[PDB]
Amino acid sequence: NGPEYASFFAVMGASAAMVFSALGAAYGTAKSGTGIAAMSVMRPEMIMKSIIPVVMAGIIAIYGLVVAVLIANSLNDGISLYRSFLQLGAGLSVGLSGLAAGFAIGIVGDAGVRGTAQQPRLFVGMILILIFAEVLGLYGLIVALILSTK
Amino acid sequence: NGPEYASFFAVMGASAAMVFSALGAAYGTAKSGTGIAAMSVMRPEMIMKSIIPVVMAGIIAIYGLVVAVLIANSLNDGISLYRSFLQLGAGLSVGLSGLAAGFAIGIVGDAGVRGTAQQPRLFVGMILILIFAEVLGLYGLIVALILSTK
Amino acid sequence: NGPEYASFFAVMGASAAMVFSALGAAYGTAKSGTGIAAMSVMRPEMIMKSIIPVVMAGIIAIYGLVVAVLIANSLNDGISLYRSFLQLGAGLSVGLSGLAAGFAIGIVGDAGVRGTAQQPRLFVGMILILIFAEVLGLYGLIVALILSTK
Amino acid sequence: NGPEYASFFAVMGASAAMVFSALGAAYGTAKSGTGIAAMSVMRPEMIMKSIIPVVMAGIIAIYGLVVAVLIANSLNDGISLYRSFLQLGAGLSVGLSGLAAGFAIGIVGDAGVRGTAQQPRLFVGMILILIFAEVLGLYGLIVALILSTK
Amino acid sequence: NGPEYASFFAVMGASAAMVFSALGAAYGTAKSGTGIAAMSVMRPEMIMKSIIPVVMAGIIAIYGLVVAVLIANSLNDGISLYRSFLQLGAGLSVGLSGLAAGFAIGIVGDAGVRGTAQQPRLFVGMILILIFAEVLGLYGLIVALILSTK
Amino acid sequence: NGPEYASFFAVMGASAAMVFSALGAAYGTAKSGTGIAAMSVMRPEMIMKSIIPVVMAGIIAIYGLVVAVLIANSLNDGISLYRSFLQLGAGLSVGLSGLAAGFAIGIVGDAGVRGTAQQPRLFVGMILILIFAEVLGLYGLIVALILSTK
Amino acid sequence: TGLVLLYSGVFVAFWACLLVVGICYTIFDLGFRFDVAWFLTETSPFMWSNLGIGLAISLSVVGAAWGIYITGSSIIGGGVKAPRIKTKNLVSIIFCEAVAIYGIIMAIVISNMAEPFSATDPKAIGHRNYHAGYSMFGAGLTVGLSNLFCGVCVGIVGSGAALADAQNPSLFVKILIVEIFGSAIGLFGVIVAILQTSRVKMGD
Amino acid sequence: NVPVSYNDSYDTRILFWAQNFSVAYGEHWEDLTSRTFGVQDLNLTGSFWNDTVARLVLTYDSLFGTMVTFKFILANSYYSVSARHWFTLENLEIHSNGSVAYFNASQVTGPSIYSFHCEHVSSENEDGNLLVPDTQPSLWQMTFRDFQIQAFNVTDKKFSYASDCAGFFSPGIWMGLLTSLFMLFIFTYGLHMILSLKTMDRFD
Amino acid sequence: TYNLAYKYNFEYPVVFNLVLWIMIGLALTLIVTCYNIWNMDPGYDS
Ligand SMILES: CO/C1=C\C(C)=C\[C@@H](C)[C@@H](O)[C@H](C)C/C(C)=C/C=C/[C@H](OC)[C@@H]([C@@H](C)[C@@H](O)[C@H](C)[C@@]2(O)C[C@@H](O)[C@H](C)[C@@H](C(C)C)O2)OC1=O
Ligand SMILES: CO/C1=C\C(C)=C\[C@@H](C)[C@@H](O)[C@H](C)C/C(C)=C/C=C\[C@H](OC)[C@@H]([C@@H](C)[C@@H](O)[C@H](C)[C@@]2(O)C[C@@H](O)[C@H](C)[C@@H](C(C)C)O2)OC1=O
Ligand SMILES: CO/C1=C\C(C)=C\[C@@H](C)[C@@H](O)[C@H](C)C/C(C)=C/C=C\[C@H](OC)[C@@H]([C@@H](C)[C@@H](O)[C@H](C)[C@@]2(O)C[C@@H](O)[C@H](C)[C@@H](C(C)C)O2)OC1=O
Ligand SMILES: CCCCCCCC/C=C\CCCCCCCC(=O)O
Ligand SMILES: *[C@@H]1O[C@H](CO)[C@@H](O)[C@H](O)[C@H]1NC(C)=O
Ligand SMILES: *[C@@H]1O[C@H](CO)[C@@H](O)[C@H](O)[C@H]1NC(C)=O
Ligand SMILES: *[C@@H]1O[C@H](CO)[C@@H](O)[C@H](O)[C@H]1NC(C)=O
Ligand SMILES: *[C@@H]1O[C@H](CO)[C@@H](O)[C@H](O)[C@H]1NC(C)=O
Ligand SMILES: *[C@@H]1O[C@H](CO)[C@@H](O)[C@H](O)[C@H]1NC(C)=O
């Protein structure tokens, strides 16, 4: 097997995959949800059609839970030091890239639902930029699924 | 063969190629995504052709996705310490220069689509500056492909 | 042959040459790219002539590339510690001097292009100052060549 | 000869002589070069008369280049620790004293060319101050030649 | 003779005698060089007489040159640890006391030539306070010659 | 006797008694030297009666130069670690308590000479506060004497 | 910035000093003196176990109280003119109060698993008591920080929903959906925290 | 004056210096540094060498009652995580007459290229003494006021560079520093908020 | 028999941490104090 301290890096790979992707999902819901609650007084009709920047920030939360369940179930007493460094680098790669994909949903989703309240022609353009900011968390997932499942 | 902690630097090249290029692709998407929603309130015709500064930010993310798959598929237990340092610098090269390229696409893609709203003649000039700020991610790719494949 | 930690200082010369010259080439493209969008709204004839301060910032990008390939092609398993330190100071000397040359290009290229919108005689004087900020990245190139080739 | 780590302090004298004199020459051409653009709107005649703070800031860059070539040609595999300490202090003496001289040229050369826009009598007085900010890099040169050529 | 690393502290006193005294001589020239420009638009006749506060700051640089030449001529391989600690305190007490003396010259020389423009009677009073801020660099000279030559 | 590194703490007491004291003498000269330049435009007769805060602050440098001579004359080869720590505390208690007396002269002497222009009655009161602000530099001297004789 | 210069002056001087020290342990072969093995094994697992219980509850009620004062200043600030807010907009307070319920539950679930032993050798203290020490640190960190982020997330949305209820009283039941998605982040930290301490047993 | 030096070949082997070798049986303390590193004629009965196992036996024939011998057991293994060769003093043993002491000696390790050196390798555990007995009511006690031993890479009959025992940090400091520098972050978060609760200028 | 080690005392981690965390606790107390007296802002037009 591995040394006695070997399970420290796989634990910090299950923590940082959920902590750093909770900060992206909390920023993407609070920064854009500030924009929802302020556009709604002037346009109370598009209040439900503009929820979708906060359900896209919630996918970043479940991108980090898929790997934090995968790591915390494959972790056992005394894994090798090679296998725990893999699951540390699989934890930082989806957490810190979900933190970037949660920032770029918060800043786009806030500005998008203000430009949609002033002009409804932006809604097809807003949900097209929001895919480009949401695949950044998917690129971190498909390389955390490569690293953890070695 | 090499030590057991040799795989620490090899998974910090698979992580830093993905987290630093997603933090560059977030700044290219978010900062230039407020520029779209600020210009589309007056010019709703130029929405679908202003996705070019956030499309070119999305290629910065898939530069780091390619290197983080090349590094993670060339991983074994007990690799040498020399090959471990190559893949650490292959993550920092495509990562921290894709972050520099994402910083520049975010600034000239935001300010470019502000001047394109005030004048339709800047659309060819803004694209040429976006090419110079997107080969910075390409220059970091060809050093990451040289270093990781030695 | 050299010790096992010796190859870390040579990959961190190949990486620091690329990511510090890209940070200089990004600041020359970002700050002098917003000078184009603020100039063109009154004088849109000099748009293509104003691509020069982002062209001269783009040569600093390849001053660091031609030694990041030069260091990464002299890398061997077990290089000496003296050979490995020469390539560290060849990366830190074209990077941090190319970062200085890109810092000076983005300041005088932004202020110069904003200056030729109201005075067209400044353009032959702005392009002369950009030569002086260009050779700061060239002086770091010819001293990174006499360090790597030793 | 000497120890194996001895060549580290001489390489960090070859690179610190370059990157700190290129940061002084960056601040010399960028801070004074942004004063040429503000002078040009009312006095477009003395554009070529105002490259003198930019020319004398490029002299600081070739002061650091001469010492950095002189240090990098005095390198051998296995120099003494005394000799490589001499060239570390020969790099700081022309780097960090060229960073001071290039900071002083960029400050008085900025206010000098904005003062000759409103009164051309300052032009014979502007150059006479800049020689006093020029010799601070020259004093750092002639202590770097003394320290390195021992 | 002394240890191998004993020459490190003597050369650091040879560099800091020139680094910190040129940083004070530059601030005395740069801060009192902007005061010449603000004086110039009112009193053009006082140009050549106001180059005195940057002449006095020019002697701060040669206070550090005659200590850095003095240390770098008495250097020898194998100096004792006691003799090199004497020359570290000889360079710290002539550089950092010339950095303070150059700070006070650049402040009373800047404000002194502002009040000389509005009133010419201050010029004999400004030249008195420039003397008292000059001897702070001369007091550091006479404690550098005590520590270095002993 | 003592170890070879014992003479380092005594030369850090000879340097810090001159560095930290000429920094307090520079602040009392610079902050009050702008008090002379702003006062004299209104009341140009008091440029010889009112330089007494500059002359009073020129003694803080002399109080530190005195201790830096008693320390640098009691330096011989092989002083004990006990006797060298006494000269370190004699160099900080006269340098950093001269930095205090240089603050309280520079703030009082600045505002005290503005209030003497508008009313000549303050000259007896302003010179009385400079008695209480200068004895902070004298109390640090007589505790540097009581440490250096041991 | 006055005080942020102190926090950035220490953070720069810490990592610039670890840059110099880091290139002086490798460079004169003293790597062997670093010993991250000796740090992780000679520090007591009761230190990591009680920085997990100490941070499960305290960092939850940091974010539970950070989310209360953000939206509680908008209840009383927005409810001066429209005092009908103070009874309908209390479920924003409850949604950041429930993130401290997840703290005190997951602080006494983790605390039931810490039990004393008597060994002192890192071979006598096996890699079950070390895994139990690290997994209690990493479960109080993923339930303390994930509720510190969830509690401010349902406070910023709750402060915006309390200022939209002041204008139109019909808008609150539709911005309540955004606080549901925000309060699901805190429940996701509890799912990971019960899976990090599922197969954990400490003691001998 | 000179260290003990065993050799089997023409080349020299294991060598051991101290400044005060002293032992105690019961409560009678007998100093032995005058019979060891100055007398130049020691009874090194079996001083083994095998490049992976080395023993240093010192026998004195004038001690507490009878002939009493001291054994220094060393080993030299290849550790896969560190990818090096680390020597370790295995145990140190004393055989008086029909009895074995079995003094355990961890923290007397180091890389095989370098030697060990410590200032107190005494017995009688107070906080961190390196020689611990196997059972705590131990009749034997020994004390080294200086200590320097090397095995497995002795070259030219002299010590190499020393892997010292002291270090910048001890394991009791690392736990006390990770606690003090953690609630210093809690304190300066709670002091930054009270440094910014500024009052008003006017009243109505 | 040569090349004896340098004789560091046994309490070296104690004296290192007593000096280090005081001399940067008395330097940060000194830097913060001299920062506040340097930027005093007395108020000076009259
Ligand atoms: C929404 O995510 C879409 C694709 C995704 C996820 C691609 C990633 C894998 C991306 O990682 C990378 C960048 C690759 C890439 C290149 C994608 C281009 C995508 C589409 O482009 C075809 C856009 C869409 C922008 C584009 O189709 C626009 C409709 C448009 O066609 C309008 C044109 O007027 C405009 C000029 C043209 C230019 C800008 C490309 O784009 O659609 C999509 O379905
Ligand atoms: C090739 O790049 C030029 C110089 C470069 C890069 C020099 C580097 C090698 C450098 O290492 C240094 C600076 C060499 C040096 C010191 C050149 C000095 C002046 C150049 O001349 C030779 C000017 C100068 C001809 C010209 O640019 C100005 C228009 C002017 O001729 C017009 C005059 O009104 C003006 C007052 C006069 C002053 C400024 C010298 O110069 O140009 C250049 O092209
Ligand atoms: C630029 O070339 C001059 C000096 C240079 C380049 C010096 C350095 C390279 C370095 O080598 C030197 C050593 C710096 C230094 C130690 C200069 C000393 C004195 C000179 O002598 C006053 C003035 C002086 C001749 C003159 O420039 C001033 C104009 C003037 O002196 C003349 C009058 O206008 C005015 C009334 C007078 C005042 C204050 C009474 O100032 O240096 C020069 O000229
Ligand atoms: C070993 C002791 C070292 C630690 C001691 C730290 C104690 C700090 C004490 C005082 C620092 C506060 C000084 C700053 C004054 C605040 C000025 C103001 O807020 O107006
Ligand atoms: C140690 O070496 C010497 C010199 O070769 C030899 O005479 C002696 O016999 C050796 N010691 C033993 C115990 O063989
Ligand atoms: C230590 O050695 C000295 C002489 O070397 C001796 O007098 C003393 O008794 C020894 N210490 C003890 C505790 O025996
Ligand atoms: C060396 O000797 C020890 C003890 O006698 C033995 O266990 C080991 O196998 C030997 N090794 C070799 C290589 O002879
Ligand atoms: C050895 O045996 C004798 C027999 O009585 C006893 O007195 C003595 O104490 C023994 N030696 C030791 C060291 O106990
Ligand atoms: C103590 O020594 C015995 C030798 O019989 C060994 O088996 C045991 O592992 C040692 N224990 C420790 C904690 O070193």
# chains A, B, ... in the order shown; residues from 1 in each chain; ligands from 1
call {"tool": "interface_residues", "arguments": {"of": "chain G", "to": "chain B", "cutoff": "12 Å", "atoms": "only C-alpha atoms", "output": "PyMOL selection string"}}
result
chain G and resi 35-37
call {"tool": "write_last_selection", "arguments": {"atoms": "C-alpha atoms", "output": "PDB file, in the first residue's frame"}}
result
ATOM      1  CA  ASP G  35      10.246  16.328   5.660  1.00  0.00           C
ATOM      2  CA  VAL G  36       6.559  16.836   4.928  1.00  0.00           C
ATOM      3  CA  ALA G  37       6.280  13.254   6.216  1.00  0.00           C
TER       4      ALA G  37
END
call {"tool": "residues_around", "arguments": {"residues": "residue B:143", "least_positions_apart": "3", "cutoff": "10 Å", "atoms": "only C-alpha atoms", "output": "PDB file with C-alpha atoms, in the first residue's frame"}}
result
ATOM      1  CA  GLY B  89       6.424  23.429 -16.695  1.00  0.00           C
ATOM      2  CA  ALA B  90       4.099  22.245 -19.452  1.00  0.00           C
ATOM      3  CA  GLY B  91       1.165  23.168 -17.231  1.00  0.00           C
ATOM      4  CA  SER B  93       3.438  27.474 -19.776  1.00  0.00           C
ATOM      5  CA  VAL B  94       0.034  26.900 -21.368  1.00  0.00           C
ATOM      6  CA  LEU B 138      -1.036  29.520 -29.106  1.00  0.00           C
ATOM      7  CA  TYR B 139       2.575  30.320 -28.199  1.00  0.00           C
ATOM      8  CA  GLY B 140       2.029  28.765 -24.783  1.00  0.00           C
ATOM      9  CA  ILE B 146       7.384  20.557 -26.766  1.00  0.00           C
ATOM     10  CA  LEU B 147       8.059  20.133 -23.032  1.00  0.00           C
ATOM     11  CA  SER B 148       5.497  17.425 -22.259  1.00  0.00           C
ATOM     12  CA  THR B 149       6.442  15.252 -25.245  1.00  0.00           C
TER      13      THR B 149
ATOM     14  CA  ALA C  14      11.737  27.684 -20.312  1.00  0.00           C
ATOM     15  CA  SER C  15       8.469  28.472 -18.532  1.00  0.00           C
ATOM     16  CA  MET C  18       7.258  32.283 -22.024  1.00  0.00           C
ATOM     17  CA  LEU C  65       9.249  32.095 -27.635  1.00  0.00           C
ATOM     18  CA  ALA C  68      11.598  28.895 -24.659  1.00  0.00           C
ATOM     19  CA  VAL C  69      12.125  26.547 -27.600  1.00  0.00           C
ATOM     20  CA  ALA C  72      13.489  23.176 -24.074  1.00  0.00           C
TER      21      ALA C  72
END
call {"tool": "calpha_fit_and_write", "arguments": {"fixed": "chain B", "moving": "chain D", "output": "compact mmCIF listing (two decimals) with C-alpha atoms, in the first residue's frame"}}
result
# COMPACT_ATOMS: atom_id res chain seq x y z
CA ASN D 1 11.99 4.20 -11.59
CA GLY D 2 11.73 7.23 -9.31
CA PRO D 3 10.79 8.36 -5.81
CA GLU D 4 7.34 8.08 -4.29
CA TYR D 5 6.65 11.84 -4.18
CA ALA D 6 7.63 12.23 -7.85
CA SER D 7 4.08 12.18 -9.24
CA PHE D 8 3.09 15.31 -7.29
CA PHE D 9 4.71 17.79 -9.68
CA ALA D 10 3.13 16.19 -12.75
CA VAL D 11 -0.38 16.32 -11.28
CA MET D 12 0.17 19.99 -10.41
CA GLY D 13 1.05 20.47 -14.08
CA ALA D 14 -2.10 18.71 -15.24
CA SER D 15 -4.27 20.86 -12.98
CA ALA D 16 -2.42 24.17 -13.41
CA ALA D 17 -2.78 23.82 -17.18
CA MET D 18 -6.54 23.68 -16.63
CA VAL D 19 -7.33 26.08 -13.79
CA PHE D 20 -5.16 28.90 -15.12
CA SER D 21 -6.48 28.60 -18.67
CA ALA D 22 -10.02 28.45 -17.27
CA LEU D 23 -9.34 31.64 -15.30
CA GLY D 24 -8.12 33.26 -18.49
CA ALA D 25 -11.22 32.04 -20.31
CA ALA D 26 -13.36 33.24 -17.39
CA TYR D 27 -11.98 36.77 -17.67
CA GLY D 28 -12.33 36.55 -21.45
CA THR D 29 -16.04 35.78 -21.56
CA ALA D 30 -17.06 37.86 -18.53
CA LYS D 31 -15.18 41.09 -19.22
CA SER D 32 -16.05 41.06 -22.91
CA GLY D 33 -19.55 39.70 -22.25
CA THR D 34 -20.36 42.70 -20.08
CA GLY D 35 -19.58 44.88 -23.10
CA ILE D 36 -22.09 43.03 -25.26
CA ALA D 37 -24.84 44.11 -22.87
CA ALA D 38 -23.91 47.79 -23.12
CA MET D 39 -23.65 47.59 -26.91
CA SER D 40 -27.08 45.93 -27.21
CA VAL D 41 -29.15 48.92 -26.09
CA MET D 42 -28.31 51.09 -29.11
CA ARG D 43 -27.16 48.46 -31.66
CA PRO D 44 -29.19 45.24 -31.27
CA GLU D 45 -28.22 44.12 -34.79
CA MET D 46 -24.60 43.11 -34.11
CA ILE D 47 -25.27 40.76 -31.21
CA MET D 48 -24.25 37.66 -33.17
CA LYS D 49 -21.39 39.67 -34.67
CA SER D 50 -20.03 40.28 -31.15
CA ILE D 51 -19.71 36.71 -29.85
CA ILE D 52 -16.29 36.59 -31.58
CA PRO D 53 -14.42 37.86 -28.45
CA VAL D 54 -16.41 35.28 -26.47
CA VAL D 55 -15.64 32.56 -29.04
CA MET D 56 -11.92 33.33 -29.11
CA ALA D 57 -11.84 33.35 -25.32
CA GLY D 58 -13.20 29.79 -25.39
CA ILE D 59 -10.34 28.76 -27.66
CA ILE D 60 -7.99 29.56 -24.75
CA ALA D 61 -9.96 27.10 -22.60
CA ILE D 62 -9.47 24.24 -25.07
CA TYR D 63 -5.77 25.06 -25.34
CA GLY D 64 -5.43 24.24 -21.65
CA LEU D 65 -7.67 21.18 -21.97
CA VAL D 66 -5.50 19.58 -24.68
CA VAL D 67 -2.32 19.89 -22.59
CA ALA D 68 -4.10 18.72 -19.44
CA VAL D 69 -5.30 15.57 -21.19
CA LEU D 70 -1.81 15.11 -22.66
CA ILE D 71 -0.17 15.39 -19.23
CA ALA D 72 -2.75 13.20 -17.47
CA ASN D 73 -2.28 10.45 -20.07
CA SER D 74 1.51 10.56 -19.61
CA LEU D 75 1.30 9.56 -15.93
CA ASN D 76 2.61 6.32 -14.44
CA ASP D 77 3.11 5.00 -10.94
CA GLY D 78 6.77 5.78 -10.43
CA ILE D 79 7.89 8.20 -13.10
CA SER D 80 11.28 9.88 -12.91
CA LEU D 81 11.70 13.23 -11.22
CA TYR D 82 13.00 14.68 -14.50
CA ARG D 83 9.86 13.66 -16.40
CA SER D 84 7.48 15.10 -13.81
CA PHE D 85 9.41 18.37 -13.74
CA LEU D 86 8.88 18.56 -17.51
CA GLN D 87 5.11 18.39 -17.13
CA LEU D 88 5.00 20.93 -14.31
CA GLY D 89 6.66 23.46 -16.60
CA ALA D 90 4.39 22.30 -19.42
CA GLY D 91 1.37 23.17 -17.30
CA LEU D 92 2.57 26.61 -16.29
CA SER D 93 3.58 27.40 -19.88
CA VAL D 94 0.02 26.94 -21.16
CA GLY D 95 -1.82 27.88 -17.97
CA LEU D 96 -0.15 31.15 -17.02
CA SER D 97 0.25 32.10 -20.68
CA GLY D 98 -3.41 31.37 -21.32
CA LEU D 99 -4.26 33.48 -18.28
CA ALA D 100 -2.37 36.35 -19.92
CA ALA D 101 -3.98 35.79 -23.33
CA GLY D 102 -7.45 35.49 -21.82
CA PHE D 103 -6.89 38.68 -19.85
CA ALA D 104 -5.92 40.49 -23.06
CA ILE D 105 -8.94 39.18 -25.00
CA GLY D 106 -11.33 40.31 -22.27
CA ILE D 107 -9.89 43.83 -22.21
CA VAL D 108 -9.73 44.62 -25.93
CA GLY D 109 -12.89 42.61 -26.62
CA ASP D 110 -14.73 44.76 -24.10
CA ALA D 111 -13.56 48.07 -25.56
CA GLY D 112 -13.91 46.70 -29.08
CA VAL D 113 -17.62 45.92 -28.86
CA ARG D 114 -18.29 49.24 -27.14
CA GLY D 115 -16.44 50.96 -29.98
CA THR D 116 -18.39 49.19 -32.70
CA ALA D 117 -21.62 50.41 -31.11
CA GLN D 118 -20.68 53.92 -32.22
CA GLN D 119 -18.65 53.08 -35.34
CA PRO D 120 -18.90 49.79 -37.29
CA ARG D 121 -15.57 50.45 -39.07
CA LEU D 122 -13.79 49.15 -35.95
CA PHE D 123 -15.23 45.64 -36.46
CA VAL D 124 -12.68 44.61 -39.09
CA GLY D 125 -10.04 46.17 -36.83
CA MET D 126 -11.35 44.66 -33.60
CA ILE D 127 -10.93 41.09 -34.88
CA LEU D 128 -7.41 41.82 -36.14
CA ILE D 129 -6.24 42.83 -32.66
CA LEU D 130 -7.80 39.74 -31.09
CA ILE D 131 -5.70 37.36 -33.22
CA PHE D 132 -2.62 38.94 -31.64
CA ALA D 133 -4.10 38.21 -28.21
CA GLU D 134 -5.07 34.74 -29.44
CA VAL D 135 -1.57 33.61 -30.41
CA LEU D 136 -0.23 34.22 -26.90
CA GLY D 137 -2.22 31.16 -25.87
CA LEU D 138 -1.05 29.39 -29.02
CA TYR D 139 2.61 30.17 -28.27
CA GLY D 140 2.03 28.72 -24.81
CA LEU D 141 0.54 25.63 -26.42
CA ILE D 142 3.50 24.88 -28.70
CA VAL D 143 5.97 25.17 -25.83
CA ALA D 144 3.77 22.92 -23.67
CA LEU D 145 3.73 20.28 -26.41
CA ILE D 146 7.52 20.52 -26.73
CA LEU D 147 8.13 20.22 -22.97
CA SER D 148 5.67 17.38 -22.33
CA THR D 149 6.40 15.16 -25.35
CA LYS D 150 10.13 14.88 -24.60
call {"tool": "select_by_dssp", "arguments": {"residues": "chain C", "states": "alpha helix (DSSP H)", "output": "VMD selection string"}}
result
chain C and resid 8 to 39 52 to 72 81 to 86 88 to 115 123 to 148
call {"tool": "select_by_dssp", "arguments": {"residues": "stretch 17-83 of chain H", "states": "strand (DSSP E)", "output": "list in words"}}
result
residues 17, 18, 21, 22, 23, 24, 25, 28, 29, 30, 31, 53, 54, 55, 56, 57, 58, 59, 69, 70, 71, 72, 73, 74, 75, 76, 77, 78 and 79 of chain H
call {"tool": "residues_near_ligand", "arguments": {"ligand": "ligand 7", "cutoff": "7 Å", "atoms": "only C-alpha atoms and all ligand atoms", "output": "PyMOL selection string"}}
result
chain H and resi 50+52-53
call {"tool": "write_last_selection", "arguments": {"atoms": "N, CA and C atoms", "output": "short mmCIF file (atom, residue, chain, number, x, y, z; two decimals), in the first residue's frame"}}
result
data_model
loop_
_atom_site.label_atom_id
_atom_site.label_comp_id
_atom_site.auth_asym_id
_atom_site.auth_seq_id
_atom_site.Cartn_x
_atom_site.Cartn_y
_atom_site.Cartn_z
N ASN H 50 28.48 -4.42 7.24
CA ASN H 50 27.99 -5.16 6.09
C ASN H 50 27.45 -4.27 4.98
N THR H 52 24.90 -2.57 5.01
CA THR H 52 23.50 -2.38 5.36
C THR H 52 23.22 -2.59 6.84
N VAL H 53 24.12 -3.24 7.58
CA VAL H 53 24.01 -3.44 9.02
C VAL H 53 25.40 -3.24 9.62
#
call {"tool": "interface_residues", "arguments": {"of": "chain H", "to": "chain G", "cutoff": "10 Å", "atoms": "only C-alpha atoms", "output": "ChimeraX atom specification"}}
result
/H:81-82,84,86,106,110-111,163-164,167-176,178-179,188,192,195
call {"tool": "residues_near_ligand", "arguments": {"ligand": "ligand 9", "cutoff": "12 Å", "atoms": "only C-alpha atoms and all ligand atoms", "output": "ChimeraX atom specification"}}
result
/G:119-125 /H:73,88-93,100-108,130-136
call {"tool": "residues_near_ligand", "arguments": {"ligand": "ligand 8", "cutoff": "7 Å", "atoms": "only C-alpha atoms and all ligand atoms", "output": "list in words"}}
result
residues 25, 64, 65, 66, 68, 96 and 97 of chain H
call {"tool": "residues_around", "arguments": {"residues": "residue G:112", "least_positions_apart": "5", "cutoff": "12 Å", "atoms": "only C-alpha atoms", "output": "list in words"}}
result
residues 49, 50, 53, 105, 106, 107, 136, 197, 198, 200, 201, 202 and 203 of chain G
call {"tool": "residues_near_ligand", "arguments": {"ligand": "ligand 5", "cutoff": "8 Å", "atoms": "only C-alpha atoms and all ligand atoms", "output": "PyMOL selection string"}}
result
chain H and resi 6-12
call {"tool": "write_last_selection", "arguments": {"atoms": "N, CA, C and O atoms", "output": "PDB file, in the first residue's frame"}}
result
ATOM      1  N   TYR H   6      36.381   2.226  14.280  1.00  0.00           N
ATOM      2  CA  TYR H   6      36.498   0.822  13.921  1.00  0.00           C
ATOM      3  C   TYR H   6      36.813   0.688  12.435  1.00  0.00           C
ATOM      4  O   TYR H   6      36.324   1.462  11.611  1.00  0.00           O
ATOM      5  N   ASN H   7      37.655  -0.291  12.099  1.00  0.00           N
ATOM      6  CA  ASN H   7      37.926  -0.614  10.704  1.00  0.00           C
ATOM      7  C   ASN H   7      38.105  -2.116  10.552  1.00  0.00           C
ATOM      8  O   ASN H   7      38.655  -2.769  11.442  1.00  0.00           O
ATOM      9  N   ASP H   8      37.613  -2.664   9.442  1.00  0.00           N
ATOM     10  CA  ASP H   8      37.810  -4.076   9.135  1.00  0.00           C
ATOM     11  C   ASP H   8      38.763  -4.304   7.966  1.00  0.00           C
ATOM     12  O   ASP H   8      39.589  -5.221   8.015  1.00  0.00           O
ATOM     13  N   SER H   9      38.668  -3.491   6.923  1.00  0.00           N
ATOM     14  CA  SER H   9      39.515  -3.555   5.748  1.00  0.00           C
ATOM     15  C   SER H   9      40.691  -2.600   5.927  1.00  0.00           C
ATOM     16  O   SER H   9      40.996  -2.160   7.040  1.00  0.00           O
ATOM     17  N   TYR H  10      41.386  -2.299   4.828  1.00  0.00           N
ATOM     18  CA  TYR H  10      42.317  -1.176   4.846  1.00  0.00           C
ATOM     19  C   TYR H  10      41.575   0.146   5.001  1.00  0.00           C
ATOM     20  O   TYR H  10      42.095   1.080   5.621  1.00  0.00           O
ATOM     21  N   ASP H  11      40.367   0.239   4.452  1.00  0.00           N
ATOM     22  CA  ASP H  11      39.540   1.421   4.629  1.00  0.00           C
ATOM     23  C   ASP H  11      38.941   1.432   6.028  1.00  0.00           C
ATOM     24  O   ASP H  11      38.757   0.387   6.656  1.00  0.00           O
ATOM     25  N   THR H  12      38.643   2.628   6.518  1.00  0.00           N
ATOM     26  CA  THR H  12      38.005   2.761   7.815  1.00  0.00           C
ATOM     27  C   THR H  12      36.496   2.607   7.690  1.00  0.00           C
ATOM     28  O   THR H  12      35.922   2.751   6.608  1.00  0.00           O
TER      29      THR H  12
END
call {"tool": "residues_around", "arguments": {"residues": "residue G:99", "least_positions_apart": "4", "cutoff": "7 Å", "atoms": "only C-alpha atoms", "output": "VMD selection string"}}
result
chain G and resid 60 64 103 147 151 186
